[PDB]
Amino acid sequence: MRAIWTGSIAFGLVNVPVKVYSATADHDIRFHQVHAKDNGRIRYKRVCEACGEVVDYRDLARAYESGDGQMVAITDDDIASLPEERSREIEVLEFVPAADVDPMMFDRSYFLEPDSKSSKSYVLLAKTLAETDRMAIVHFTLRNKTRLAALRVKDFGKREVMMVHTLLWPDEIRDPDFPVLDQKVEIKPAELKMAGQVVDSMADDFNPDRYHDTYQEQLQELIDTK
Amino acid sequence: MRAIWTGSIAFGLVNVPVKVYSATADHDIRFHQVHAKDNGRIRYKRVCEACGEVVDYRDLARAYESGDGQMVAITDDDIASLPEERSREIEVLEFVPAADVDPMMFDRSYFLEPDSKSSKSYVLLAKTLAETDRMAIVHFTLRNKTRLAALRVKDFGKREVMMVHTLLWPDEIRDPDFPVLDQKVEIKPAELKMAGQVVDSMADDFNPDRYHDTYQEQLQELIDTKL
Amino acid sequence: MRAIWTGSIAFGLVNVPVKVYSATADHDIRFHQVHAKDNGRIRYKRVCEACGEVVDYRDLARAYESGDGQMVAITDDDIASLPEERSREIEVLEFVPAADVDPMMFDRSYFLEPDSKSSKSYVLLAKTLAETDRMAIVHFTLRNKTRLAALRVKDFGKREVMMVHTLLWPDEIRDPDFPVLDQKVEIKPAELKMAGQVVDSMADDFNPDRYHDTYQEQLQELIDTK
Amino acid sequence: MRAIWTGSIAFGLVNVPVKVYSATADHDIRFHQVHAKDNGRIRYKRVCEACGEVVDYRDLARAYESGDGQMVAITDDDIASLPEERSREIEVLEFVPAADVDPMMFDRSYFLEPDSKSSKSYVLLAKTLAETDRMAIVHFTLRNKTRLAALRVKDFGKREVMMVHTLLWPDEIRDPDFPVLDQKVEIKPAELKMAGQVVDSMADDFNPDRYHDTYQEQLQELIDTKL
Amino acid sequence: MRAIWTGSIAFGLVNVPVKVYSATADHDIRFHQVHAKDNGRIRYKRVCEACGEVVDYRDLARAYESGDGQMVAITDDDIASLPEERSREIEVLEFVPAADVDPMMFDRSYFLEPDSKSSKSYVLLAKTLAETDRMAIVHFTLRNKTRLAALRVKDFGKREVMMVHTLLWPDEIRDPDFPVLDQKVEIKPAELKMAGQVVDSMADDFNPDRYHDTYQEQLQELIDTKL
Amino acid sequence: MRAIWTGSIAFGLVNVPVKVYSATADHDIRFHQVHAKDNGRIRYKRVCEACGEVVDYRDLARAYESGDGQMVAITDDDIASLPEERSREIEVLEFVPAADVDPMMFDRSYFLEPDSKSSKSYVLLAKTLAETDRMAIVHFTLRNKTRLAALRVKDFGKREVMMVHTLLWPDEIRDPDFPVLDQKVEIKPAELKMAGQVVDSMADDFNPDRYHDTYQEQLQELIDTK
DNA sequence: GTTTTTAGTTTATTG
DNA sequence: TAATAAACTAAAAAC
DNA sequence: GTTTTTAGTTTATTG
DNA sequence: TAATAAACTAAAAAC
DNA sequence: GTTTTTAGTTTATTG
DNA sequence: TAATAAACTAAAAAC
C-alpha cells in the first residue's frame with residue numbers, strides 16, 4: 001500500500017500535487033519455477049541463439065517482430081524525444097460527460113489524494129467535477145510511458161475520493177463484422193413477453209460479496225496445505 | 001476475424017450457440033529480443049539458482065514460493081478439481097441493472113457472435129436485454145481458467161451486438177486508508193463557483209477520434225526506417 | 001442409418017440443436033419392374049394424349065379438377081406465395097397433457113438427436129416434459145411442407161429420448177354419422193357376465209417377440225431360394 | 001362416403017357382422033397435371049428400355065434387386081402360395097391392456113359397424129371391451145394383404161363405436177443407436193425448476209377447433225379465385 | 001316354397017347367424033271344399049247368433065269365454081306386452097344333457113341354415129355341441145308366437161346341421177292316476193320267460209321303408225286317375 | 001278326463017283290452033270369435049262362390065284342388081274298405097328297439113291303460129318291453145284314421161305305465177339340400193377348448209319346473225283380473 | 001452420391 | 001362402378 | 001308366393 | 001240321455 | 001538502502 | 001493461431 005509515483009496536475013494556475021495509489025492488486029497466488037530435484041528458484045537468461053552463449057540484456061537490443069524477420073535495434077532516443085514521457089507532472093486536457101464515456105474506455109484505475117496537507121483544492125476540484133458530471137481526462141504518464149486517462153470521484157461509505165482511470169486508445173478497439181447478425185429476424189410478442197418474465201424471474205439484486213473465485217479458494221486451501 | 005473462443009450461453013436450457021472474438025487489438029507490436037552482434041532472433045533458456053545447470057521448462061514444477069521458502073509442486077487434480085474447469089460454454093448466473101455493477105471491475109472485453117440456426121433466439125435475447133436495460137452477470141471459462149464477467153447490449157446502429165466484459169474479482173478493489181483527507185476541509189461557495197466557471201468553460205464533449213498517440217506514430221516511423 | 005434433416009427446436013430463448021431421424025423404415029421387399037421378353041428394367045415416360053407424343057417433365061403443367069373435372073391454370077408464383085416453406089426449424093406453439101391427445105392421429109414417428117456438445121438443455125427439456133407429462137404440439141416442417149405434429153418423450157430404458165410424432169390435421173378426421181347404433185339397446189346381466197368371463201379367458205400381455213410379418217418372412221425365404 | 005370392406009369378427013363364436021369404414025380420408029387437395037401448351041391430361045406408358053417400345057402391363061415382369069442390384073426372376077404362384085390372403089374375416093389373437101401398446105405402432109385408423117340383424121351383440125362386445133379397458137390385437141386382413149392391427153373403443157359423445165387401427169409390425173420399428181446421447185449428462189436444481197415454471201406457463205389444453213391446415217385453406221381460397 | 005323363418009341365434013354375444021327352414025311338411029294331399037252340384041268352390045262367411053249379419057275380418061273382435069259364460073274382449077295392446085314376444089331371432093337360455101329332457105315333449109322339428117360368410121362359427125358350434133352332446137334348451141319366437149324348444153345336432157352321412165325341435169310346455173303334460181294298475185300284479189318267472197322269448201322272436205329293427213301311408217297312396221292313385 | 005277309445009292290443013292269441021288316455025292337452029286360453037257390439041259368439045255358414053248361396057256339408061261333395069282346380073271326387077268306399085281303419089282295436093306289427101326310434105319319429109303320445117280288471121298281461125308286457133327295450137309299434141287308428149304308432153314304458157314317480165306315440169310317416173322327414181355347409185371348414189383347437197368351456201359354463205341341470213309360459217301366464221293373470 | 005419423402009399413375013379390388 | 005388401397009416411378013430436397 | 005295360427009265345423013266314441 | 005277330444009276347413013297374416 | 005508495484009517483454013499453451 | 005496465462009526482468013519511487 002504505497003504510492004506508485006508522485007503526481008502534480010496543473011489545473012490552470014492552481015496545481016494540485018496529487019499522489020497516486022493502486023486501486024487493485026492480483027488476488028491470484030503467484031508462484032515461481034521450482035525444479036523437483038532442485039527445489040529452488042529458476043531464472044531465465046538472455047542466451048544468443050546464433051552465438052549460443054549467455055548474454056546480458058543491455059547488450060541485446062529489443063526488436064519488434066517484423067513480418068520480414070529483419071534485425072531491429074531499440075534506440076532510447078525515440079522514447080526520450082517525447083516531452084510527455086519526461087514530464088512527471090500530471091497533465092489536464094479536457095472534461096467530458098460521464099454518459100459520453102462508455103464501459104470500454106475504462107481499463108484500470110488508481111486512487112488519488114493530495115500530497116500537500118491542505119486537501120482544500122483537491123476537495124473543491126472533486127466536488128465541482130461531481131456537480132458538472134464531466135469526467136476529467138489526462139494524458140497520464142508513468143516510467144516514461146504516456147497514456148490517456150480519465151478522472152472520476154466515488155463516495156465510499158466513510159468518505160469520497162477522486163481517482164483516475166487507464167483509458168485505452170479509441171483507435172485500438174476493432175469493430176467486428178457479423179454478416180449473419182444483420183440478417184432480418186422477427187420477434188413474437190408472446191415470445192417477447194415470455195422472455196421478459198423469464199429474465200425477471202432470473203433477475204435479482206446485486207450480490208458482489210456472494211461472488212467468489214472457486215479457483216482462488218482452492219489456492220487458499222493449497223497454501224493452507226503448505 | 002480470428003475466433004479466440006467458441007461455445008454457447010448455457011443459461012438454463014437456452015444454450016444459444018455463440019462464438020467469441022477478441023473485441024480490441026493492441027496497436028503496439030510485440031517485440032522479440034535481438035543482439036546487434038548476432039544479427040538474428042534470440043531465444044532464452046532456463047537455469048536454476050542451485051542447479052547452476054540448464055533445466056527445460058517441462059521439468060520445472062509450478063510451486064508457490066512462501067515466506068518460509070517451502071515450495072510444493074501444484075497438484076494436477078486440484079488444478080482440474082474445479083467442476084467448471086472443463087466447461088467450453090459461457091454460463092449465466094444472474095441479471096442486474098448496469099448501475100448496480102461498478103465500472104472499476106471492468107478489465108477486458110469480448111464480442112459475442114451468434115449463429116444463424118439460433119439467430120432468432122440470440123436476437124430475441126438482445127431485444128429483451130435492451131428493453132429491460134438490465135445487465136447480466138455470468139461466469140466465464142477460457143483456456144482452463146475461470147474468470148468472473150458480465151455482458152451487456154451494445155449498438156452499432158442497425159447492427160446491435162451483445163458483448164462480455166471480464167470483471168475483476170470482488171476483493172480485488174482495495175479500499176484507501178488515508179489520514180490526509182481525514183482532516184476536515186471547508187469549502188467556500190465563492191471559490192466553488194469560481195472553479196466551476198472554468199470547469200464548465202473549458203469543458204467539451206468526448207472526442208475519442210481526435211486524440212492520437214504520438215508514441216505509436218514514432219514506433220511506426222521506426223519500423224519503416226528499419227525496413 | 002441416416003438423418004432426414006438437421007434443424008433446431010425454437011421455443012423462444014430455448015434453441016437446442018436436433019438431428020431428427022426416421023422412426024420407422026418399411027422393410028417390406030420392394031419389387032422392381034423388368035420386361036419379361038427383354039429382361040430389362042422398365043422406365044416410365046409420359047406421352048401427352050392430345051399432343052400425341054412425349055413431353056418433358058419440366059414442361060408438364062399442373063391442373064386442378066373441381067369435381068366437374070374442369071382443368072385450372074396455375075402458376076408456381078402462387079404456390080411460392082405461402083411462407084411455410086421458409087421454416088427450417090421446429091417452431092413450438094403450445095403444450096398439452098398427454099391424456100388429452102387422441103391416439104387416432106399419430107400418423108408417423110420421428111426421433112431426435114443431440115448435435116452440439118451442449119446436451120445439457122436437451123436432457124433438461126426432456127426431463128421437464130417427462131415430469132409435467134404434457135405433450136408438446138410443434139409446427140413440424142419438412143421438404144417445403146408443414147405437418148402439425150406432436151412432441152413427446154418415451155424413455156427407452158437405456159436412455160431417455162425425445163420423440164416427435166406427425167399428427168393428422170384435426171380437420172382431416174371424420175366423425176361418422178351412423179344411423180344404426182343410435183337405436184335403443186337392452187342387455188341383461190347374464191350376457192355381460194359371460195362377456196367378462198370370455199374376455200378374461202383371452203386376456204394376456206402384449207408379446208412383440210412372438211409377432212412376425214408371416215408374409216414378409218415367407219417371401220424372404222422365397223427371395224433367398226432364388 | 002362408402003364402406004371399404006365387409007366381414008365378421010371370427011373370434012370364438014362371436015362372429016358379429018362388421019362394416020369397416022375409412023377412418024380418415026385425406027381431404028387435402030390432390031392436384032392432377034395437364035400439359036399446358038395443349039391442355040391435354042397426361043397418361044403414362046410402360047416402355048421397355050432396350051426395346052424403347054411400349055409394353056403391356058401384364059407382359060411386365062415384376063423383379064427384385066439384390067444387394068448388388070441384380071434382378072431376380074419371380075412367379076405369381078409363389079405369391080399365391082401363402083393362404084392368409086384368403087381369410088376375409090377379422091379373426092382375433094389376444095386381448096391386451098390399453099396402456100400396453102405404444103402410441104407409435106398404429107398409424108391408420110378404421111371404424112366398425114354392425115348389420116341391423118345383430119346390433120345387440122356388437123354393442124355388448126363394445127361395452128365389454130370398454131369396461132375391461134383392454135385392447136384386442138386383431139389379425140386384420142385386406143385386399144389380399146395381411147396387416148397386424150389393434151382394436152379398441154373410442155366412445156363418441158352420443159354413441160360408443162369400436163375402432164380398429166392398422167398396427168405397424170413390431171419388426172419394422174427401428175431402435176436408436178445414439179452413442180452421443182449415451183454420454184453422461186448432468187443437471188442442477190435451480191435451472192430445472194425454472195424450466196418447469198416456464199413449461200407450466202406454456203401449459204394449455206388441446207384446442208382442435210383453432211387448429212387448421214393454413215396451406216389447405218389458402219390454396220382452397222386460391223382455386224376459388226381461379227374459378 | 002321358401003324359408004318359414006329367419007334370424008340369428010341370440011346366444012349371449014355369440015350371435016351365430018342362421019336361417020330356419022321347415023324341416024318336414026305333410027304328405028297327405030290337402031283338399032278344398034267344393035260343391036259338385038254347382039261346380040263351384042266354397043267360401044266361408046261368418047256372422048253372430050244375434051247379428052245374423054255378415055261381419056268382415058276387421059269388425060270381428062277377439063274374446064274369451066269363461067266357465068260362468070260371460071265374454072271378455074281380448075285387448076291386442078296387452079297381448080304383445082312382454083318383451084320376448086317382439087323378438088325376431090332365436091335365443092338360447094341354457095344347455096342340458098340330451099337324456100334329461102323327456103322324449104314326450106316333441107311337437108315339431110326344424111332345420112338351421114348357416115351363413116357362408118360366417119359358416120365357421122356355425123360349424124364349430126355344431127362340432128362342440130356334438131362332442132359335449134348336451135342338447136340346448138332354447139326359447140323360440142316366430143309369427144308373434146313364443147314356444148319352448150331345444151336344438152340338437154343331427155349328422156347326415158354327407159351333412160351335419162343343428163336342428164331345433166318345438167318343446168311342449170311342461171304344464172301341458174298331465175299324469176292322471178288309474179286305480180286299475182294300482183291293483184297289485186304278480187307274474188311268475190315262467191310266464192315272464194314264455195312271453196319274452198316270443199317278444200324277442202318277432203322283434204326286428206325299424207323298417208321305415210316298409211312303413212308308409214297306404215291311405216295316402218290310394219288317394220293319390222284316385223286323384224291321378226281323375227286327372 | 002275320459003279315455004278317447006278302448007283299443008285292445010292283439011298279439012298272437014293273448015289280447016289285453018286297454019284304454020287310451022290323452023297324454024297332453026294345450027293349456028292355451030280358449031277364445032271364440034265374438035262381435036264386440038253383439039258380445040255374442042260368431043258362427044259361419046258355407047257360401048257357394050259362384051252361387052252366392054249357403055251350402056250345407058251334406059250337400060257338399062269334397063274334392064281336391066289340383067293345379068287345374070277341377071274337381072277330384074272322392075268316395076268313402078275307398079277309406080271304408082281298409083280293414084285297419086274299421087278295426088276298433090290296436091294291432092302290433094313289429095317290435096323295434098327304443099334306441100332305434102329317433103326323437104323325430106314321434107310327435108304326439110297318449111297314456112295307455114288296462115281295461116281289464118286283471119292287469120297281469122299289461123304289467124308282464126310292460127316288463128318284457130322294459131327289459132328288451134324293443135319299442136312296440138302299432139298301426140293305430142282313431143276316427144277311422146290310421147297312423148303308425150309306437151308304445152313306450154315310463155316309470156312314474158309311484159308306478160310304471162305304458163303310453164302310445166303318434167309316429168310321423170318316414171316319408172315325411174325331408175332331408176335338407178344345404179350345399180353351403182357341405183363346404184369344408186377348419187377348427188382351432190384353442191377355439192375348440194374355449195367353446196367347450198363356454199358350453200360348460202352355460203351347462204347346468206335340467207329345470208323343467210322353471211320353464212313357464214310367460215305369454216300364457218299373462219293370459220291367465222288377465223283372466224283372473226276379468 | 002445417397003437416402004428419403006412427396007406427387008401423381010396405374011392398376012387392381014370391393015360393393 | 002366409382003371409391004379406395006397398393007406398387008411404383010419420377011423427381012426434388014436435404015445432407 | 002309361401003307356411004303356420006286358429007276359430008269354427010265335424011265327427012266319433014264314451015261314463 | 002250329453003262331452004269332449006281329435007281331423008277337416010278355410011280365414012288370415014308373414015314372410 | 002531496500003521494496004513494492006507496475007510496464008516491457010517474453011515465452012508457452014491452447015480454442 | 002494469436003490471445004492469453006505464467007513468468008522473467010527494468011525501474012521506480014517510497015521512507
# chains A, B, ... in the order shown; residues from 1 in each chain; ligands from 1

$ calpha_fit_and_write --fixed "chain D" --moving "chain E" --output "compact mmCIF listing (two decimals) with C-alpha atoms, in the first residue's frame"
# COMPACT_ATOMS: atom_id res chain seq x y z
CA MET E 1 -68.36 -42.92 -51.63
CA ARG E 2 -68.92 -46.34 -50.05
CA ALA E 3 -67.44 -48.80 -47.57
CA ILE E 4 -63.78 -49.65 -48.10
CA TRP E 5 -64.12 -53.21 -46.80
CA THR E 6 -66.69 -55.58 -45.33
CA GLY E 7 -66.68 -58.81 -43.36
CA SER E 8 -67.58 -60.33 -40.00
CA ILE E 9 -65.15 -60.64 -37.12
CA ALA E 10 -63.84 -64.21 -36.99
CA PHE E 11 -63.42 -64.37 -33.20
CA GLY E 12 -63.56 -68.09 -32.43
CA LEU E 13 -67.24 -68.89 -32.88
CA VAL E 14 -68.32 -65.41 -31.73
CA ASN E 15 -68.39 -64.16 -35.33
CA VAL E 16 -70.10 -60.83 -34.76
CA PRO E 17 -71.07 -59.41 -38.18
CA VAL E 18 -69.53 -56.06 -39.04
CA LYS E 19 -68.56 -53.86 -41.99
CA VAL E 20 -65.61 -51.48 -42.22
CA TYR E 21 -65.67 -47.84 -43.31
CA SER E 22 -62.62 -45.67 -43.94
CA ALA E 23 -62.38 -43.65 -40.73
CA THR E 24 -60.48 -40.69 -42.17
CA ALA E 25 -59.75 -39.28 -45.62
CA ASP E 26 -57.17 -36.74 -46.75
CA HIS E 27 -58.28 -33.11 -46.66
CA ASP E 28 -55.71 -31.81 -49.15
CA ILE E 29 -57.06 -31.29 -52.66
CA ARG E 30 -55.71 -34.02 -54.93
CA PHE E 31 -54.03 -32.70 -58.07
CA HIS E 32 -53.85 -34.19 -61.56
CA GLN E 33 -50.95 -33.56 -63.92
CA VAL E 34 -51.73 -31.37 -66.93
CA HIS E 35 -49.82 -29.40 -69.57
CA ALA E 36 -50.76 -25.73 -69.85
CA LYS E 37 -49.24 -25.52 -73.34
CA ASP E 38 -51.48 -28.13 -74.99
CA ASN E 39 -54.54 -27.93 -72.71
CA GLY E 40 -54.40 -31.68 -72.07
CA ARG E 41 -54.00 -34.03 -69.12
CA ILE E 42 -51.11 -36.50 -69.10
CA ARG E 43 -51.09 -40.30 -69.12
CA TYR E 44 -48.10 -42.42 -68.07
CA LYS E 45 -46.76 -45.11 -70.41
CA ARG E 46 -43.93 -47.33 -69.20
CA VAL E 47 -41.05 -49.01 -71.04
CA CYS E 48 -37.78 -50.75 -70.20
CA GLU E 49 -34.29 -49.33 -70.68
CA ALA E 50 -33.22 -51.89 -73.28
CA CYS E 51 -36.72 -52.33 -74.73
CA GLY E 52 -37.48 -48.66 -75.22
CA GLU E 53 -40.89 -50.04 -76.22
CA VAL E 54 -44.42 -49.62 -74.91
CA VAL E 55 -45.31 -52.48 -72.56
CA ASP E 56 -48.85 -52.79 -71.26
CA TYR E 57 -49.90 -53.69 -67.72
CA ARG E 58 -50.25 -57.40 -68.50
CA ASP E 59 -46.94 -57.91 -70.31
CA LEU E 60 -45.15 -56.17 -67.42
CA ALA E 61 -43.82 -58.72 -64.92
CA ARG E 62 -42.91 -58.21 -61.28
CA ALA E 63 -39.37 -58.72 -60.03
CA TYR E 64 -37.08 -58.25 -57.04
CA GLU E 65 -33.77 -56.38 -56.95
CA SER E 66 -30.94 -57.76 -54.81
CA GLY E 67 -27.82 -56.07 -53.48
CA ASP E 68 -25.83 -58.03 -56.06
CA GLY E 69 -27.95 -56.29 -58.71
CA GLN E 70 -29.49 -59.45 -60.17
CA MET E 71 -33.24 -59.58 -60.82
CA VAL E 72 -35.70 -62.34 -59.91
CA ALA E 73 -39.23 -62.33 -61.29
CA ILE E 74 -41.97 -62.57 -58.66
CA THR E 75 -44.13 -65.69 -58.86
CA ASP E 76 -47.78 -64.85 -58.24
CA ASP E 77 -48.74 -68.41 -57.27
CA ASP E 78 -46.42 -68.42 -54.25
CA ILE E 79 -47.53 -64.90 -53.25
CA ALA E 80 -50.95 -66.12 -52.06
CA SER E 81 -49.56 -69.34 -50.58
CA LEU E 82 -50.33 -68.69 -46.92
CA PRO E 83 -53.93 -69.46 -45.86
CA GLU E 84 -54.41 -66.12 -44.10
CA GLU E 85 -53.75 -64.09 -47.25
CA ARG E 86 -57.01 -65.40 -48.77
CA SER E 87 -59.10 -64.30 -45.79
CA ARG E 88 -62.18 -62.17 -46.46
CA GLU E 89 -62.99 -61.33 -42.84
CA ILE E 90 -61.27 -59.70 -39.87
CA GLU E 91 -59.92 -62.16 -37.30
CA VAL E 92 -58.80 -61.70 -33.69
CA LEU E 93 -55.91 -63.51 -32.00
CA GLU E 94 -55.70 -62.23 -28.42
CA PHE E 95 -56.55 -59.42 -26.01
CA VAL E 96 -54.15 -57.14 -24.16
CA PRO E 97 -54.12 -54.04 -21.91
CA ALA E 98 -54.35 -50.78 -23.82
CA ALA E 99 -51.15 -49.31 -22.38
CA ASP E 100 -49.15 -52.46 -23.18
CA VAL E 101 -49.02 -51.71 -26.90
CA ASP E 102 -46.92 -48.63 -27.59
CA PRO E 103 -48.44 -45.50 -29.16
CA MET E 104 -45.62 -45.52 -31.72
CA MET E 105 -47.26 -48.29 -33.77
CA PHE E 106 -50.28 -46.51 -35.25
CA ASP E 107 -50.60 -46.18 -39.03
CA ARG E 108 -54.30 -45.87 -39.91
CA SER E 109 -57.68 -45.90 -38.18
CA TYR E 110 -60.95 -47.51 -39.24
CA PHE E 111 -64.50 -47.66 -37.90
CA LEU E 112 -66.74 -50.72 -37.55
CA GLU E 113 -70.28 -50.98 -38.92
CA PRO E 114 -72.73 -53.09 -36.85
CA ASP E 115 -75.57 -55.24 -38.20
CA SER E 116 -79.18 -54.37 -37.42
CA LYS E 117 -80.40 -57.97 -37.15
CA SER E 118 -77.42 -58.85 -34.91
CA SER E 119 -76.59 -55.48 -33.33
CA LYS E 120 -77.07 -56.96 -29.84
CA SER E 121 -73.84 -58.98 -29.97
CA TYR E 122 -71.91 -56.03 -31.42
CA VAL E 123 -73.12 -53.67 -28.69
CA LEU E 124 -72.46 -56.19 -25.92
CA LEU E 125 -68.93 -56.78 -27.20
CA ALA E 126 -68.40 -53.02 -27.16
CA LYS E 127 -69.63 -52.75 -23.57
CA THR E 128 -67.60 -55.67 -22.25
CA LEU E 129 -64.43 -54.44 -23.95
CA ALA E 130 -64.97 -50.95 -22.52
CA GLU E 131 -65.53 -52.36 -19.03
CA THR E 132 -62.43 -54.57 -19.14
CA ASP E 133 -60.58 -51.91 -21.18
CA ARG E 134 -58.18 -54.33 -22.89
CA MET E 135 -57.47 -53.35 -26.50
CA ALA E 136 -57.59 -56.51 -28.61
CA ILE E 137 -54.69 -57.20 -30.97
CA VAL E 138 -56.19 -58.71 -34.12
CA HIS E 139 -54.90 -59.79 -37.49
CA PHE E 140 -56.31 -57.93 -40.48
CA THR E 141 -56.65 -58.92 -44.14
CA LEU E 142 -57.94 -56.75 -46.96
CA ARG E 143 -57.22 -56.15 -50.64
CA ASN E 144 -55.13 -59.35 -50.71
CA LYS E 145 -52.89 -57.71 -48.08
CA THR E 146 -52.25 -58.59 -44.44
CA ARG E 147 -51.62 -56.09 -41.65
CA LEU E 148 -51.39 -56.05 -37.87
CA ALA E 149 -53.99 -54.00 -36.04
CA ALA E 150 -55.78 -53.57 -32.74
CA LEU E 151 -59.43 -52.74 -32.09
CA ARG E 152 -60.29 -50.20 -29.40
CA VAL E 153 -63.61 -48.95 -28.05
CA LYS E 154 -64.11 -45.23 -28.64
CA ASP E 155 -67.24 -43.50 -27.35
CA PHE E 156 -68.82 -40.53 -29.07
CA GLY E 157 -71.18 -38.36 -27.06
CA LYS E 158 -74.11 -39.98 -28.88
CA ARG E 159 -72.43 -43.13 -30.24
CA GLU E 160 -69.97 -45.80 -29.11
CA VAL E 161 -68.25 -47.95 -31.74
CA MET E 162 -65.19 -50.17 -31.83
CA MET E 163 -62.41 -48.95 -34.11
CA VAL E 164 -59.56 -50.91 -35.68
CA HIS E 165 -56.15 -49.25 -36.02
CA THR E 166 -53.48 -50.52 -38.38
CA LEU E 167 -50.53 -51.60 -36.23
CA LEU E 168 -47.00 -51.21 -37.53
CA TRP E 169 -45.07 -54.46 -37.65
CA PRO E 170 -42.70 -54.81 -34.66
CA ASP E 171 -39.80 -55.43 -37.04
CA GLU E 172 -40.29 -52.02 -38.68
CA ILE E 173 -39.48 -50.06 -35.52
CA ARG E 174 -35.73 -49.60 -35.14
CA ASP E 175 -33.66 -48.06 -32.34
CA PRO E 176 -30.33 -46.69 -33.56
CA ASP E 177 -27.96 -45.66 -30.78
CA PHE E 178 -26.48 -42.16 -30.57
CA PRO E 179 -23.20 -41.43 -28.72
CA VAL E 180 -24.25 -37.78 -28.32
CA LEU E 181 -26.71 -38.64 -25.54
CA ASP E 182 -24.32 -41.29 -24.19
CA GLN E 183 -22.42 -38.30 -22.80
CA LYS E 184 -23.33 -37.80 -19.15
CA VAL E 185 -25.49 -34.73 -18.46
CA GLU E 186 -25.88 -33.01 -15.08
CA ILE E 187 -28.45 -30.25 -14.51
CA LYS E 188 -28.90 -28.51 -11.17
CA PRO E 189 -32.30 -28.37 -9.44
CA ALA E 190 -32.26 -24.58 -9.87
CA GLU E 191 -32.16 -24.86 -13.66
CA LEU E 192 -34.73 -27.65 -13.49
CA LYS E 193 -37.22 -25.42 -11.67
CA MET E 194 -36.37 -22.42 -13.85
CA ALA E 195 -37.24 -24.43 -16.96
CA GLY E 196 -40.26 -26.17 -15.45
CA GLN E 197 -41.92 -22.95 -14.32
CA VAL E 198 -41.94 -21.61 -17.88
CA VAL E 199 -42.87 -25.04 -19.27
CA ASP E 200 -46.00 -25.09 -17.11
CA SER E 201 -46.60 -21.36 -17.67
CA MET E 202 -47.00 -21.56 -21.45
CA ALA E 203 -48.56 -25.06 -21.50
CA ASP E 204 -52.25 -25.41 -22.40
CA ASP E 205 -54.64 -28.20 -23.35
CA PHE E 206 -55.15 -29.28 -26.94
CA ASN E 207 -56.69 -26.73 -29.32
CA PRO E 208 -57.78 -28.90 -32.27
CA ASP E 209 -60.01 -26.10 -33.54
CA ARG E 210 -57.04 -23.72 -33.60
CA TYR E 211 -54.87 -26.29 -35.38
CA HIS E 212 -55.77 -26.47 -39.07
CA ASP E 213 -54.17 -26.83 -42.50
CA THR E 214 -53.33 -23.24 -43.43
CA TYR E 215 -51.66 -24.26 -46.70
CA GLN E 216 -54.71 -26.28 -47.74
CA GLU E 217 -56.93 -23.31 -46.90
CA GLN E 218 -54.87 -21.04 -49.15
CA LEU E 219 -54.85 -23.65 -51.92
CA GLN E 220 -58.63 -24.06 -51.70
CA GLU E 221 -59.06 -20.28 -51.83
CA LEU E 222 -56.93 -20.15 -54.98
CA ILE E 223 -58.88 -23.02 -56.54
CA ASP E 224 -62.19 -21.31 -55.79
CA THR E 225 -60.87 -18.07 -57.27
CA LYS E 226 -59.92 -19.96 -60.44
CA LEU E 227 -63.31 -21.70 -60.46

$ select_by_dssp --residues "chain D" --states "strand (DSSP E or B)" --output "VMD selection string"
chain D and resid 7 to 8 17 to 18 21 to 22 33 to 35 40 to 48 53 to 54 60 to 63 73 94 to 97 106 to 111 134 to 138 141 to 142 145 to 146 149 to 155 160 to 167 173 203

$ interface_residues --of "chain C" --to "chain F" --cutoff "12 Å" --atoms "only C-alpha atoms" --output "MDAnalysis selection string"
chainID C and resid 190:191 193:202

$ closest_atom_pairs --of "range 73-110 of chain C" --to "range 153-173 of chain C" --cutoff "7 Å" --atoms "only C-alpha atoms" --output "tab-separated table"
residue	atom	partner	partner_atom	distance
C:105	CA	C:168	CA	5.0
C:106	CA	C:167	CA	5.1
C:107	CA	C:166	CA	5.7
C:108	CA	C:166	CA	5.3
C:109	CA	C:165	CA	4.4
C:110	CA	C:164	CA	5.3

$ write_last_selection --atoms "N, CA, C and O atoms" --output "short mmCIF file (atom, residue, chain, number, x, y, z; two decimals), in the first residue's frame"
data_model
loop_
_atom_site.label_atom_id
_atom_site.label_comp_id
_atom_site.auth_asym_id
_atom_site.auth_seq_id
_atom_site.Cartn_x
_atom_site.Cartn_y
_atom_site.Cartn_z
N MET C 105 -54.53 -40.15 -34.49
CA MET C 105 -53.89 -39.25 -35.44
C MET C 105 -52.37 -39.33 -35.43
O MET C 105 -51.72 -38.54 -36.11
N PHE C 106 -51.78 -40.26 -34.68
CA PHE C 106 -50.33 -40.45 -34.67
C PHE C 106 -49.93 -41.14 -35.98
O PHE C 106 -49.67 -42.35 -36.03
N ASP C 107 -49.88 -40.35 -37.05
CA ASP C 107 -49.62 -40.90 -38.37
C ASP C 107 -48.25 -41.56 -38.44
O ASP C 107 -48.14 -42.77 -38.65
N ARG C 108 -47.19 -40.78 -38.27
CA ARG C 108 -45.82 -41.27 -38.39
C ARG C 108 -45.00 -40.76 -37.21
O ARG C 108 -45.44 -39.90 -36.44
N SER C 109 -43.78 -41.28 -37.09
CA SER C 109 -42.94 -41.02 -35.94
C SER C 109 -41.55 -40.58 -36.39
O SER C 109 -41.11 -40.87 -37.50
N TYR C 110 -40.86 -39.87 -35.50
CA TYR C 110 -39.50 -39.42 -35.74
C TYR C 110 -38.79 -39.21 -34.41
O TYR C 110 -39.36 -38.63 -33.48
#

$ select_by_dssp --residues "range 4-148 of chain F" --states "alpha helix (DSSP H)" --output "ChimeraX atom specification"
/F:76-81,83-86,120-132

$ residues_around --residues "residue 2 in chain K" --least-positions-apart "3" --cutoff "12 Å" --atoms "only C-alpha atoms (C1' of nucleotides)" --output "ChimeraX atom specification"
/L:13-15

$ residues_around --residues "residue 3 in chain J" --least-positions-apart "4" --cutoff "12 Å" --atoms "only C-alpha atoms (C1' of nucleotides)" --output "PyMOL selection string"
(chain F and resi 1-4) or (chain I and resi 12-15)

$ atom_distance --atom1 "CA of residue 116 in chain C" --atom2 "CA of residue 203 in chain A"
27.4 Å

$ closest_atom_pairs --of "chain G" --to "range 8-12 of chain H" --cutoff "12 Å" --atoms "only C-alpha atoms (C1' of nucleotides)" --output "tab-separated table"
residue	atom	partner	partner_atom	distance
G:4	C1'	H:12	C1'	10.7
G:5	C1'	H:12	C1'	9.1
G:6	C1'	H:12	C1'	8.5
G:7	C1'	H:11	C1'	8.9
G:8	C1'	H:10	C1'	9.7
G:9	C1'	H:8	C1'	8.6
G:10	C1'	H:8	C1'	8.7
G:11	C1'	H:8	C1'	10.7

$ interface_residues --of "chain C" --to "chain D" --cutoff "6 Å" --atoms "only C-alpha atoms" --output "NGL selection string"
:C and (24 or 31-36 or 42 or 44 or 46 or 48-50 or 60-64 or 95-96 or 106-107 or 128 or 170 or 173-174 or 202-206)
